[PDB]
file protein12.cif (mmCIF, C-alpha atoms)
data_model
#
loop_
_atom_site.group_PDB
_atom_site.id
_atom_site.type_symbol
_atom_site.label_atom_id
_atom_site.label_comp_id
_atom_site.auth_asym_id
_atom_site.auth_seq_id
_atom_site.Cartn_x
_atom_site.Cartn_y
_atom_site.Cartn_z
ATOM 1 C CA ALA I 1 -17.282 94.514 100.587
ATOM 2 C CA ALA I 2 -16.923 95.902 104.109
ATOM 3 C CA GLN I 3 -14.455 98.486 105.425
ATOM 4 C CA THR I 4 -14.401 98.500 109.212
ATOM 5 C CA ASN I 5 -13.670 101.624 111.258
ATOM 6 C CA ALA I 6 -14.470 103.789 108.276
ATOM 7 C CA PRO I 7 -15.021 107.538 108.476
ATOM 8 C CA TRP I 8 -18.536 108.088 109.780
ATOM 9 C CA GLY I 9 -19.713 109.596 106.494
ATOM 10 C CA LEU I 10 -18.799 106.506 104.486
ATOM 11 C CA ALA I 11 -20.602 104.326 107.016
ATOM 12 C CA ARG I 12 -23.567 106.705 106.864
ATOM 13 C CA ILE I 13 -23.982 106.523 103.099
ATOM 14 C CA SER I 14 -24.275 102.711 103.250
ATOM 15 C CA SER I 15 -26.615 102.642 106.253
ATOM 16 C CA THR I 16 -30.285 103.069 107.008
ATOM 17 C CA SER I 17 -29.263 104.421 110.441
ATOM 18 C CA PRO I 18 -26.710 106.764 112.004
ATOM 19 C CA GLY I 19 -24.272 105.498 114.568
ATOM 20 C CA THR I 20 -22.421 102.743 112.716
ATOM 21 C CA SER I 21 -18.810 102.627 111.584
ATOM 22 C CA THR I 22 -18.491 100.067 108.765
ATOM 23 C CA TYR I 23 -18.787 101.102 105.103
ATOM 24 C CA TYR I 24 -20.449 98.506 102.865
ATOM 25 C CA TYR I 25 -20.120 98.719 99.101
ATOM 26 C CA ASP I 26 -20.002 96.626 95.963
ATOM 27 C CA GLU I 27 -16.389 95.723 95.189
ATOM 28 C CA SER I 28 -16.620 97.215 91.673
ATOM 29 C CA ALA I 29 -16.023 100.452 93.597
ATOM 30 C CA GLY I 30 -16.464 102.846 90.679
ATOM 31 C CA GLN I 31 -13.954 101.128 88.411
ATOM 32 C CA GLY I 32 -14.275 102.414 84.851
ATOM 33 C CA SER I 33 -15.796 105.743 85.933
ATOM 34 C CA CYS I 34 -14.058 109.106 86.197
ATOM 35 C CA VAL I 35 -14.520 111.998 88.608
ATOM 36 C CA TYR I 36 -13.176 115.478 87.975
ATOM 37 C CA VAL I 37 -12.438 117.460 91.144
ATOM 38 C CA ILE I 38 -12.615 121.133 90.193
ATOM 39 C CA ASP I 39 -10.892 122.833 93.109
ATOM 40 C CA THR I 40 -7.448 123.823 94.441
ATOM 41 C CA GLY I 41 -5.783 120.792 92.796
ATOM 42 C CA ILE I 42 -4.983 117.292 94.026
ATOM 43 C CA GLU I 43 -1.770 115.937 95.555
ATOM 44 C CA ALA I 44 -1.840 112.975 93.203
ATOM 45 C CA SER I 45 1.294 111.431 94.743
ATOM 46 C CA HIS I 46 -0.561 110.802 98.018
ATOM 47 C CA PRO I 47 -0.358 107.042 98.715
ATOM 48 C CA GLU I 48 -4.108 107.041 99.302
ATOM 49 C CA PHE I 49 -4.736 107.637 95.579
ATOM 50 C CA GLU I 50 -2.713 104.602 94.442
ATOM 51 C CA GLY I 51 -1.838 106.084 91.038
ATOM 52 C CA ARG I 52 -5.503 106.693 90.173
ATOM 53 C CA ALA I 53 -5.318 110.496 90.492
ATOM 54 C CA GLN I 54 -3.734 112.988 88.130
ATOM 55 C CA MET I 55 -3.800 116.700 87.470
ATOM 56 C CA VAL I 56 -5.123 117.492 84.005
ATOM 57 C CA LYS I 57 -5.473 121.288 84.066
ATOM 58 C CA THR I 58 -4.465 124.406 85.967
ATOM 59 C CA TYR I 59 -5.094 128.125 85.442
ATOM 60 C CA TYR I 60 -2.216 129.159 87.741
ATOM 61 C CA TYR I 61 1.563 129.011 87.671
ATOM 62 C CA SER I 62 1.385 125.490 89.154
ATOM 63 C CA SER I 63 -0.956 122.491 89.247
ATOM 64 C CA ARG I 64 0.053 121.738 92.824
ATOM 65 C CA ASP I 65 -2.510 121.793 95.606
ATOM 66 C CA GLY I 66 -0.877 124.309 97.923
ATOM 67 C CA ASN I 67 -4.002 124.477 100.081
ATOM 68 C CA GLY I 68 -5.303 120.972 100.859
ATOM 69 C CA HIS I 69 -8.991 121.550 100.136
ATOM 70 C CA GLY I 70 -8.990 119.886 96.718
ATOM 71 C CA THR I 71 -6.941 116.956 97.996
ATOM 72 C CA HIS I 72 -9.440 116.470 100.832
ATOM 73 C CA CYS I 73 -12.409 116.534 98.457
ATOM 74 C CA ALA I 74 -10.690 114.152 96.028
ATOM 75 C CA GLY I 75 -9.999 111.813 98.940
ATOM 76 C CA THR I 76 -13.699 111.651 99.821
ATOM 77 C CA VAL I 77 -14.538 110.839 96.206
ATOM 78 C CA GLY I 78 -11.962 108.160 95.656
ATOM 79 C CA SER I 79 -9.105 107.574 98.105
ATOM 80 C CA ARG I 80 -8.567 103.976 99.216
ATOM 81 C CA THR I 81 -9.372 104.608 102.887
ATOM 82 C CA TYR I 82 -11.480 107.776 102.861
ATOM 83 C CA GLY I 83 -13.285 107.478 99.521
ATOM 84 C CA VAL I 84 -16.727 106.392 98.406
ATOM 85 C CA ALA I 85 -15.595 105.062 94.979
ATOM 86 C CA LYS I 86 -12.279 103.440 95.784
ATOM 87 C CA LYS I 87 -11.439 102.429 92.203
ATOM 88 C CA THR I 88 -12.540 105.526 90.238
ATOM 89 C CA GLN I 89 -10.116 107.609 88.177
ATOM 90 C CA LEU I 90 -9.641 111.111 89.622
ATOM 91 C CA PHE I 91 -8.816 114.142 87.465
ATOM 92 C CA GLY I 92 -7.785 117.430 89.071
ATOM 93 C CA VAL I 93 -8.704 120.799 87.552
ATOM 94 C CA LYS I 94 -7.148 123.673 89.523
ATOM 95 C CA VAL I 95 -9.513 126.639 89.244
ATOM 96 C CA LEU I 96 -8.832 127.856 92.796
ATOM 97 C CA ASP I 97 -5.555 129.365 93.975
ATOM 98 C CA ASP I 98 -3.743 128.173 97.082
ATOM 99 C CA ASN I 99 -5.839 130.565 99.196
ATOM 100 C CA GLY I 100 -8.978 128.799 97.996
ATOM 101 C CA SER I 101 -10.154 131.663 95.789
ATOM 102 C CA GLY I 102 -10.779 131.996 92.086
ATOM 103 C CA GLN I 103 -12.331 134.379 89.626
ATOM 104 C CA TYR I 104 -15.666 133.320 88.190
ATOM 105 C CA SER I 105 -14.230 133.497 84.663
ATOM 106 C CA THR I 106 -11.613 130.895 85.611
ATOM 107 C CA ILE I 107 -14.203 128.654 87.254
ATOM 108 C CA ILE I 108 -16.351 128.887 84.099
ATOM 109 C CA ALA I 109 -13.372 128.012 81.926
ATOM 110 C CA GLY I 110 -12.695 124.981 84.134
ATOM 111 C CA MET I 111 -16.256 123.706 83.753
ATOM 112 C CA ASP I 112 -16.165 124.068 79.962
ATOM 113 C CA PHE I 113 -12.755 122.380 80.058
ATOM 114 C CA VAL I 114 -14.226 119.269 81.710
ATOM 115 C CA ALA I 115 -17.095 119.113 79.210
ATOM 116 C CA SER I 116 -14.539 118.799 76.424
ATOM 117 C CA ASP I 117 -11.722 117.016 78.231
ATOM 118 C CA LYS I 118 -13.814 113.960 79.063
ATOM 119 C CA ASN I 119 -13.494 113.131 75.333
ATOM 120 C CA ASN I 120 -9.761 112.684 75.987
ATOM 121 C CA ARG I 121 -10.273 110.233 78.843
ATOM 122 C CA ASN I 122 -11.365 106.625 79.213
ATOM 123 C CA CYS I 123 -14.509 106.561 81.332
ATOM 124 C CA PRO I 124 -16.694 103.773 79.922
ATOM 125 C CA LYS I 125 -18.959 103.766 82.987
ATOM 126 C CA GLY I 126 -19.449 107.549 82.955
ATOM 127 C CA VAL I 127 -18.146 110.903 84.105
ATOM 128 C CA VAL I 128 -18.810 112.980 87.228
ATOM 129 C CA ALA I 129 -17.658 116.460 88.251
ATOM 130 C CA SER I 130 -17.415 117.587 91.883
ATOM 131 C CA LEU I 131 -17.542 121.365 92.551
ATOM 132 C CA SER I 132 -16.925 122.161 96.213
ATOM 133 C CA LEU I 133 -16.936 125.903 95.600
ATOM 134 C CA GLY I 134 -19.250 128.809 94.976
ATOM 135 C CA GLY I 135 -20.024 132.457 95.453
ATOM 136 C CA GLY I 136 -22.860 134.902 94.921
ATOM 137 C CA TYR I 137 -25.458 134.342 92.206
ATOM 138 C CA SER I 138 -24.134 134.512 88.654
ATOM 139 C CA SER I 139 -26.163 133.499 85.629
ATOM 140 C CA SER I 140 -22.928 132.851 83.699
ATOM 141 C CA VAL I 141 -21.589 130.490 86.386
ATOM 142 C CA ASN I 142 -24.927 128.659 86.487
ATOM 143 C CA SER I 143 -25.013 128.364 82.701
ATOM 144 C CA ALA I 144 -21.525 126.852 82.678
ATOM 145 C CA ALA I 145 -22.641 124.263 85.233
ATOM 146 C CA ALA I 146 -25.734 123.585 83.128
ATOM 147 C CA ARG I 147 -23.600 123.113 80.005
ATOM 148 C CA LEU I 148 -21.312 120.693 81.822
ATOM 149 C CA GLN I 149 -24.296 118.632 82.951
ATOM 150 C CA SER I 150 -25.879 118.773 79.490
ATOM 151 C CA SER I 151 -22.654 117.485 77.947
ATOM 152 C CA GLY I 152 -23.036 114.180 79.801
ATOM 153 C CA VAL I 153 -21.330 114.779 83.158
ATOM 154 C CA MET I 154 -23.001 114.229 86.508
ATOM 155 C CA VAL I 155 -22.397 117.610 88.143
ATOM 156 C CA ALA I 156 -22.469 117.739 91.953
ATOM 157 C CA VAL I 157 -22.091 121.177 93.572
ATOM 158 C CA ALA I 158 -21.888 122.395 97.148
ATOM 159 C CA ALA I 159 -24.937 124.222 98.504
ATOM 160 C CA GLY I 160 -22.720 126.661 100.420
ATOM 161 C CA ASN I 161 -21.924 127.341 104.074
ATOM 162 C CA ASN I 162 -23.974 130.476 104.823
ATOM 163 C CA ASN I 163 -26.901 128.856 106.694
ATOM 164 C CA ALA I 164 -29.022 130.570 104.047
ATOM 165 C CA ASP I 165 -31.132 129.825 100.994
ATOM 166 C CA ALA I 166 -28.890 128.429 98.264
ATOM 167 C CA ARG I 167 -30.959 130.207 95.582
ATOM 168 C CA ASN I 168 -28.626 133.197 96.073
ATOM 169 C CA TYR I 169 -25.376 131.316 95.368
ATOM 170 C CA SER I 170 -23.770 129.829 92.277
ATOM 171 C CA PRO I 171 -23.389 127.211 90.981
ATOM 172 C CA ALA I 172 -25.592 125.951 93.861
ATOM 173 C CA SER I 173 -28.671 127.682 92.423
ATOM 174 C CA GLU I 174 -28.453 126.084 88.961
ATOM 175 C CA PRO I 175 -31.516 123.801 88.842
ATOM 176 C CA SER I 176 -30.129 121.210 86.451
ATOM 177 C CA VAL I 177 -27.122 120.127 88.549
ATOM 178 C CA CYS I 178 -27.107 118.216 91.853
ATOM 179 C CA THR I 179 -26.946 120.663 94.768
ATOM 180 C CA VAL I 180 -25.658 119.098 97.979
ATOM 181 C CA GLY I 181 -26.282 120.170 101.568
ATOM 182 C CA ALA I 182 -24.405 118.890 104.601
ATOM 183 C CA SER I 183 -25.371 116.760 107.612
ATOM 184 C CA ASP I 184 -23.608 115.649 110.802
ATOM 185 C CA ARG I 185 -23.051 112.278 112.409
ATOM 186 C CA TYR I 186 -26.262 112.595 114.466
ATOM 187 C CA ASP I 187 -28.383 113.215 111.347
ATOM 188 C CA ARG I 188 -28.737 116.943 112.012
ATOM 189 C CA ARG I 189 -28.463 119.455 109.211
ATOM 190 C CA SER I 190 -24.975 120.883 109.596
ATOM 191 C CA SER I 191 -25.177 124.253 111.337
ATOM 192 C CA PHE I 192 -23.601 126.083 108.392
ATOM 193 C CA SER I 193 -25.361 124.237 105.571
ATOM 194 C CA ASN I 194 -27.377 126.219 103.087
ATOM 195 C CA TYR I 195 -30.904 124.994 102.409
ATOM 196 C CA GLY I 196 -33.869 125.761 100.165
ATOM 197 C CA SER I 197 -35.881 124.338 97.308
ATOM 198 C CA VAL I 198 -32.831 124.131 95.021
ATOM 199 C CA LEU I 199 -31.141 121.487 97.172
ATOM 200 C CA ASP I 200 -31.440 117.990 95.763
ATOM 201 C CA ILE I 201 -29.751 115.917 98.473
ATOM 202 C CA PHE I 202 -27.738 115.978 101.702
ATOM 203 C CA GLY I 203 -24.485 114.198 102.376
ATOM 204 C CA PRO I 204 -22.103 113.942 105.337
ATOM 205 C CA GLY I 205 -20.344 117.253 105.840
ATOM 206 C CA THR I 206 -19.428 117.813 109.515
ATOM 207 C CA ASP I 207 -16.129 116.378 110.779
ATOM 208 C CA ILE I 208 -15.120 114.500 107.627
ATOM 209 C CA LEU I 209 -11.749 112.714 107.680
ATOM 210 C CA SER I 210 -9.922 112.611 104.359
ATOM 211 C CA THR I 211 -6.563 113.119 102.667
ATOM 212 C CA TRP I 212 -4.522 116.304 102.963
ATOM 213 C CA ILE I 213 -1.371 117.679 101.382
ATOM 214 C CA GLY I 214 2.023 116.511 102.571
ATOM 215 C CA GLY I 215 0.835 112.918 102.485
ATOM 216 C CA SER I 216 -1.334 113.569 105.553
ATOM 217 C CA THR I 217 -4.980 113.391 106.660
ATOM 218 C CA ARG I 218 -7.346 115.651 108.576
ATOM 219 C CA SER I 219 -10.980 116.175 109.498
ATOM 220 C CA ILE I 220 -12.739 119.339 108.281
ATOM 221 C CA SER I 221 -16.336 120.471 107.783
ATOM 222 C CA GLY I 222 -18.388 122.044 105.010
ATOM 223 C CA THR I 223 -20.798 121.509 102.172
ATOM 224 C CA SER I 224 -17.485 121.078 100.317
ATOM 225 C CA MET I 225 -17.150 117.746 102.169
ATOM 226 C CA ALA I 226 -20.719 116.600 101.481
ATOM 227 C CA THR I 227 -20.453 117.213 97.717
ATOM 228 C CA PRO I 228 -17.717 114.603 97.032
ATOM 229 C CA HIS I 229 -19.709 111.979 98.938
ATOM 230 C CA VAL I 230 -22.478 112.471 96.353
ATOM 231 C CA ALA I 231 -20.021 112.684 93.429
ATOM 232 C CA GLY I 232 -18.354 109.448 94.513
ATOM 233 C CA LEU I 233 -21.752 107.830 95.059
ATOM 234 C CA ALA I 234 -22.780 108.752 91.510
ATOM 235 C CA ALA I 235 -19.590 107.257 90.078
ATOM 236 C CA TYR I 236 -20.142 104.075 92.099
ATOM 237 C CA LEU I 237 -23.760 103.757 90.942
ATOM 238 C CA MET I 238 -22.810 104.440 87.303
ATOM 239 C CA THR I 239 -20.223 101.654 87.429
ATOM 240 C CA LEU I 240 -22.964 99.360 88.741
ATOM 241 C CA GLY I 241 -25.166 100.323 85.786
ATOM 242 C CA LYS I 242 -27.913 101.617 88.056
ATOM 243 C CA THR I 243 -28.013 105.120 86.580
ATOM 244 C CA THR I 244 -26.386 107.512 84.110
ATOM 245 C CA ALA I 245 -24.859 110.970 84.281
ATOM 246 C CA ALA I 246 -28.099 112.596 83.172
ATOM 247 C CA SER I 247 -30.224 110.686 85.686
ATOM 248 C CA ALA I 248 -27.947 110.109 88.685
ATOM 249 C CA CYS I 249 -29.062 113.061 90.817
ATOM 250 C CA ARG I 250 -32.701 111.985 90.476
ATOM 251 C CA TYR I 251 -31.726 108.374 91.158
ATOM 252 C CA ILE I 252 -29.829 109.355 94.307
ATOM 253 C CA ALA I 253 -32.820 111.396 95.498
ATOM 254 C CA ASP I 254 -35.197 108.517 94.613
ATOM 255 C CA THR I 255 -33.151 106.021 96.637
ATOM 256 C CA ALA I 256 -32.072 108.305 99.494
ATOM 257 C CA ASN I 257 -32.849 107.807 103.148
ATOM 258 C CA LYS I 258 -35.951 109.952 103.614
ATOM 259 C CA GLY I 259 -37.017 111.894 106.694
ATOM 260 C CA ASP I 260 -33.976 111.059 108.811
ATOM 261 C CA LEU I 261 -32.510 114.541 109.205
ATOM 262 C CA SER I 262 -33.389 117.109 111.859
ATOM 263 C CA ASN I 263 -33.593 120.889 111.454
ATOM 264 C CA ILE I 264 -34.495 120.720 107.776
ATOM 265 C CA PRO I 265 -36.398 123.958 107.032
ATOM 266 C CA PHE I 266 -39.890 123.575 105.616
ATOM 267 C CA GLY I 267 -39.566 123.388 101.837
ATOM 268 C CA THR I 268 -36.115 121.751 101.769
ATOM 269 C CA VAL I 269 -35.824 118.070 100.878
ATOM 270 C CA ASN I 270 -35.200 115.657 103.762
ATOM 271 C CA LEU I 271 -33.074 113.245 101.732
ATOM 272 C CA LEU I 272 -29.714 111.751 102.716
ATOM 273 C CA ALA I 273 -27.502 110.068 100.143
ATOM 274 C CA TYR I 274 -27.595 106.272 100.424
ATOM 275 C CA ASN I 275 -26.043 103.547 98.276
ATOM 276 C CA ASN I 276 -28.760 100.945 98.990
ATOM 277 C CA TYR I 277 -26.074 98.268 98.998
ATOM 278 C CA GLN I 278 -27.151 94.900 100.337
ATOM 279 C CA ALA I 279 -24.042 92.936 101.298
#
call {"tool": "encode", "arguments": {"input": "protein12.cif", "output": "structure tokens"}}
result
Amino acid sequence: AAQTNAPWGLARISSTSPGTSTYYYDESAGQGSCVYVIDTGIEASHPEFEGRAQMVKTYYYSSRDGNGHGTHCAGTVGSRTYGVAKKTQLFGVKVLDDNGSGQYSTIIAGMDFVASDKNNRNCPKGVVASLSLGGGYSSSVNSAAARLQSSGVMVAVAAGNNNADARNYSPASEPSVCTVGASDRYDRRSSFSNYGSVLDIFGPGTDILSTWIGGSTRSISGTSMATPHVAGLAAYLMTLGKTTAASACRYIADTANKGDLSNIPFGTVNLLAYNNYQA
């Protein structure tokens, strides 16, 4: 399948080169997979989600996304126009308040929630979790991310936006999950992207168009935007049978575009997520 005039990041993940604008993908499109977006919530009524999104958990007085961030990330995973995996099921877990903040104990609870809750959902092709959030190093936050991964969920986490080594942030620094840095449309490391040995992969993260609250759309930047590209890619590849939740991060790194990015510090992988789809 081909989607013309796609957001640059979708085109980038199906291309060997920057500078194109059509997204190419197998029409299975992540059908039969599930992606949990652990964030500020999801505006599931947005037409772009087509009934495939739902809130399943909140830790606040409401499940509504009063911010937009979680809706944007969910849109990059799986919206019809802005998403990588256009037929995945999206599940919202609101661990962040409408200011975008949350206590680590709530974030931990949300991760353990997903590890259990997937047993209440139909995801025959597999389960992914997208965590576009983080803070300073916490062994308890890392352990929760490790448990979620161990339970059979492909965990993708943002590297962080400090232009610093991600070893000092969580859950970015957990080795067993998939830690995602950000790139721009000219194949430069995004100026704010964290780096370091703990990164597994880069995805598009500067000037990413996606869904927003109020039935709208907007372009924003962050490792938060790169992470759902990788989460959606994992769901798509799992539906194709190419990999599994336990192996998807390694598979994505194995099959990534290699050496294309500029300003990658020595010791950080030069790997850009790529679906290897041949139309």
call {"tool": "residues_around", "arguments": {"input": "protein12.cif", "residues": "stretch 35-42 of chain I", "least_positions_apart": "5", "cutoff": "6 Å", "atoms": "only C-alpha atoms", "output": "number ranges by chain"}}
result
I: 64-65, 70-71, 90-97, 127-131
call {"tool": "resolve_selection", "arguments": {"input": "protein12.cif", "expression": "the PyMOL selection byres ((chain I and resi 222) around 8)", "output": "list in words"}}
result
residues 160, 161, 182, 192, 193, 205, 206, 220, 221, 223, 224, 225 and 226 of chain I
call {"tool": "write_last_selection", "arguments": {"input": "protein12.cif", "atoms": "C-alpha atoms", "output": "PDB file, keeping the file's coordinate frame"}}
result
ATOM      1  CA  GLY I 160     -22.720 126.661 100.420  1.00  0.00           C
ATOM      2  CA  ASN I 161     -21.924 127.341 104.074  1.00  0.00           C
ATOM      3  CA  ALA I 182     -24.405 118.890 104.601  1.00  0.00           C
ATOM      4  CA  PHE I 192     -23.601 126.083 108.392  1.00  0.00           C
ATOM      5  CA  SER I 193     -25.361 124.237 105.571  1.00  0.00           C
ATOM      6  CA  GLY I 205     -20.344 117.253 105.840  1.00  0.00           C
ATOM      7  CA  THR I 206     -19.428 117.813 109.515  1.00  0.00           C
ATOM      8  CA  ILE I 220     -12.739 119.339 108.281  1.00  0.00           C
ATOM      9  CA  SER I 221     -16.336 120.471 107.783  1.00  0.00           C
ATOM     10  CA  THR I 223     -20.798 121.509 102.172  1.00  0.00           C
ATOM     11  CA  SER I 224     -17.485 121.078 100.317  1.00  0.00           C
ATOM     12  CA  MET I 225     -17.150 117.746 102.169  1.00  0.00           C
ATOM     13  CA  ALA I 226     -20.719 116.600 101.481  1.00  0.00           C
TER      14      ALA I 226
END
call {"tool": "atom_distance", "arguments": {"input": "protein12.cif", "atom1": "atom CA of residue I:267", "atom2": "atom CA of residue I:195"}}
result
8.8 Å
call {"tool": "closest_atom_pairs", "arguments": {"input": "protein12.cif", "of": "stretch 115-199 of chain I", "to": "stretch 231-244 of chain I", "cutoff": "12 Å", "atoms": "all atoms listed in the file", "output": "tab-separated table"}}
result
residue	atom	partner	partner_atom	distance
I:123	CA	I:239	CA	9.7
I:124	CA	I:239	CA	8.6
I:125	CA	I:239	CA	5.1
I:126	CA	I:238	CA	6.3
I:127	CA	I:235	CA	7.1
I:128	CA	I:231	CA	6.3
I:129	CA	I:231	CA	6.8
I:130	CA	I:231	CA	5.8
I:131	CA	I:231	CA	9.1
I:132	CA	I:231	CA	10.4
I:149	CA	I:244	CA	11.4
I:152	CA	I:244	CA	8.6
I:153	CA	I:244	CA	8.9
I:154	CA	I:234	CA	7.4
I:155	CA	I:231	CA	7.6
I:156	CA	I:231	CA	5.8
I:157	CA	I:231	CA	8.7
I:158	CA	I:231	CA	10.6
I:177	CA	I:231	CA	11.4
I:178	CA	I:231	CA	9.1
I:179	CA	I:231	CA	10.6
I:180	CA	I:231	CA	9.7
call {"tool": "resolve_selection", "arguments": {"input": "protein12.cif", "expression": "the PyMOL selection byres ((chain I and resi 213) around 7)", "output": "number ranges by chain"}}
result
I: 43, 68, 71, 212, 214-216
call {"tool": "resolve_selection", "arguments": {"input": "protein12.cif", "expression": "the PyMOL selection byres ((chain I and resi 136) around 8)", "output": "short mmCIF file (atom, residue, chain, number, x, y, z; two decimals) with C-alpha atoms, in the frame of the given file"}}
result
data_model
loop_
_atom_site.label_atom_id
_atom_site.label_comp_id
_atom_site.auth_asym_id
_atom_site.auth_seq_id
_atom_site.Cartn_x
_atom_site.Cartn_y
_atom_site.Cartn_z
CA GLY I 134 -19.25 128.81 94.98
CA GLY I 135 -20.02 132.46 95.45
CA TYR I 137 -25.46 134.34 92.21
CA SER I 138 -24.13 134.51 88.65
CA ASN I 168 -28.63 133.20 96.07
CA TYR I 169 -25.38 131.32 95.37
CA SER I 170 -23.77 129.83 92.28
#
call {"tool": "atom_distance", "arguments": {"input": "protein12.cif", "atom1": "atom CA of residue I:246", "atom2": "atom CA of residue I:211"}}
result
29.1 Å
call {"tool": "atom_distance", "arguments": {"input": "protein12.cif", "atom1": "atom CA of residue I:141", "atom2": "atom CA of residue I:107"}}
result
7.7 Å
call {"tool": "residues_around", "arguments": {"input": "protein12.cif", "residues": "residue I:106", "least_positions_apart": "3", "cutoff": "9 Å", "atoms": "all atoms listed in the file", "output": "VMD selection string"}}
result
chain I and resid 59 95 to 96 102 to 103 109 to 111
call {"tool": "closest_residue", "arguments": {"input": "protein12.cif", "among": "I:139, I:268, I:99, I:257", "to": "residue I:165", "atoms": "all atoms listed in the file"}}
result
I:268
call {"tool": "residues_around", "arguments": {"input": "protein12.cif", "residues": "residue I:86", "least_positions_apart": "5", "cutoff": "7 Å", "atoms": "all atoms listed in the file", "output": "VMD selection string"}}
result
chain I and resid 29 to 30 78 to 80
call {"tool": "closest_residue", "arguments": {"input": "protein12.cif", "among": "I:85, I:44, I:6, I:148", "to": "residue I:208", "atoms": "all atoms listed in the file"}}
result
I:6
call {"tool": "axis_aligned_box", "arguments": {"input": "protein12.cif", "around": "stretch 63-75 of chain I", "padding_each_side": "6 Å", "output": "lines of an AutoDock Vina configuration file"}}
result
center_x = -6.2
center_y = 118.1
center_z = 95.1
size_x = 24.5
size_y = 24.7
size_z = 23.6
call {"tool": "residues_around", "arguments": {"input": "protein12.cif", "residues": "residue I:186", "least_positions_apart": "3", "cutoff": "12 Å", "atoms": "all atoms listed in the file", "output": "list in words"}}
result
residues 8, 9, 12, 17, 18, 19, 20, 182, 183, 189, 190, 204, 205, 206, 207, 260, 261, 262 and 263 of chain I
call {"tool": "residues_near_point", "arguments": {"input": "protein12.cif", "point": "(-10.0, 102.3, 84.1)", "cutoff": "8 Å", "atoms": "all atoms listed in the file", "output": "PyMOL selection string"}}
result
chain I and resi 31-33+88-89+122-123
call {"tool": "decode", "arguments": {"input": "protein12.cif", "residues": "stretch 216-242 of chain I", "atoms": "C-alpha atoms", "output": "mmCIF file, in the first residue's frame"}}
result
data_model
loop_
_atom_site.group_PDB
_atom_site.id
_atom_site.type_symbol
_atom_site.label_atom_id
_atom_site.label_comp_id
_atom_site.auth_asym_id
_atom_site.auth_seq_id
_atom_site.Cartn_x
_atom_site.Cartn_y
_atom_site.Cartn_z
ATOM 1 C CA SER I 216 -7.530 18.567 15.513
ATOM 2 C CA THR I 217 -3.947 17.979 14.344
ATOM 3 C CA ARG I 218 -0.584 19.613 14.977
ATOM 4 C CA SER I 219 3.147 19.188 14.498
ATOM 5 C CA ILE I 220 5.369 18.915 17.593
ATOM 6 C CA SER I 221 8.861 17.621 18.370
ATOM 7 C CA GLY I 222 10.450 15.273 20.887
ATOM 8 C CA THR I 223 11.718 11.806 21.609
ATOM 9 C CA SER I 224 8.053 11.391 22.608
ATOM 10 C CA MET I 225 7.257 11.556 18.869
ATOM 11 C CA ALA I 226 9.989 9.116 17.819
ATOM 12 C CA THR I 227 8.902 6.437 20.319
ATOM 13 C CA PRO I 228 5.432 5.789 18.798
ATOM 14 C CA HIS I 229 6.990 5.411 15.346
ATOM 15 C CA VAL I 230 8.963 2.463 16.762
ATOM 16 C CA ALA I 231 5.982 1.134 18.757
ATOM 17 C CA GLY I 232 3.786 1.233 15.660
ATOM 18 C CA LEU I 233 6.558 -0.349 13.591
ATOM 19 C CA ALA I 234 6.805 -3.218 16.084
ATOM 20 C CA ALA I 235 3.050 -3.805 15.949
ATOM 21 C CA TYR I 236 3.155 -3.779 12.141
ATOM 22 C CA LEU I 237 6.052 -6.254 12.029
ATOM 23 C CA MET I 238 4.394 -8.537 14.607
ATOM 24 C CA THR I 239 1.230 -8.662 12.499
ATOM 25 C CA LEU I 240 3.409 -9.665 9.543
ATOM 26 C CA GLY I 241 4.903 -12.488 11.619
ATOM 27 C CA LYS I 242 8.421 -11.139 11.203
#
